[PDB]
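Only the coordinates and a few stated rules stand behind these numbers; no lab work does. In this analysis, Cβ positions are derived from the backbone assuming ideal geometry, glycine residues included, and neighbour counts consider all displayed protein chains.
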There are 2 protein chains.
Amino acid sequence: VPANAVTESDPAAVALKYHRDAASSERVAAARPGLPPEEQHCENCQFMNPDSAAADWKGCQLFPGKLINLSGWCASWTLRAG
Amino acid sequence: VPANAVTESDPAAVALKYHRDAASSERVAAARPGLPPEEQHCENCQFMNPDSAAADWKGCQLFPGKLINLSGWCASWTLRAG
Ligand code: SF4
Ligand code: SF4
């Protein structure tokens, strides 16, 4: 929707395996540590920028100037510190 | 040197912990799998774009339009497939 939203065809997105819907991602296979794969989303990711965008479209450290979907996922998923 | 070279102060670089010289990085601590930390550099990283730039300054999938140093390192280090 937002013109600056990261596309799944964007080369950097493809490299990272980003998907607007975490259900379409290889997260169960990646088996990244921190939380069960099913629980892994941009919403609880360390690199997500909540002070960026509006609504479901917040920002991400790996995609400067662009917006990821809070329900998405990518291979760099890291549980938000706290 | 190249105007498009990724700076260590660049926000995305800081997030990823990128360092022009892999010796200045937290690679021994990160203990990423694939090759001994000492052996980890952009030169043997999966996301490095060799067909981009010239000399020591080649490209990287995580830094679109920018150039990383082949001797560098960042937390996303992944041994080049092959
Ligand atoms: S690093 Fe995190 S916030 Fe960014 S696209 Fe990936 S899963 Fe989402
Ligand atoms: S992902 Fe690889 S090529 Fe890119 S800055 Fe990092 S260590 Fe270097």
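Of the residues making up segment A:1-48, those that are out of contact with any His (no Cβ under 8 Å at 6 or more places or on another chain), aliphatic (A, V, I, L, M) and not in a loop (DSSP other than H, G, I, E, B) are A:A5, A:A12, A:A13, A:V14, A:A15, A:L16, A:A23, A:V28, A:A29, A:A30, A:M48.
Quick check on segment B:19-29. Is at least one of its residues surrounded by 21 or more Cβ atoms within 10 Å (Cβ to Cβ) and within 14 Å of another protein chain (Cβ to nearest Cβ)? No; the residues of segment B:19-29 include none that is surrounded by 21 or more Cβ atoms within 10 Å (Cβ to Cβ) and within 14 Å of another protein chain (Cβ to nearest Cβ).
Please verify whether segment B:48-70 includes one or more residues that are more than 13 Å from every other protein chain (Cβ to nearest Cβ) and within 16 Å of A:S76 (Cα to Cα). No - not one qualifying residue is present in segment B:48-70.
For segment B:34-80, filtered to residues that are hydrophobic (A, V, I, L, M, F, W, C), in contact (Cβ under 8 Å) with a residue 40 or more places away in the chain and within 16 Å of ligand 1 (Cβ to nearest atom), the residue that is farthest from B:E8 (Cα to Cα) is B:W77. Of the candidates B:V14, B:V1, B:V6, the single residue that is within 16 Å of ligand 1 (Cβ to nearest atom) and of a type in the set (V, I, T) is B:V14.
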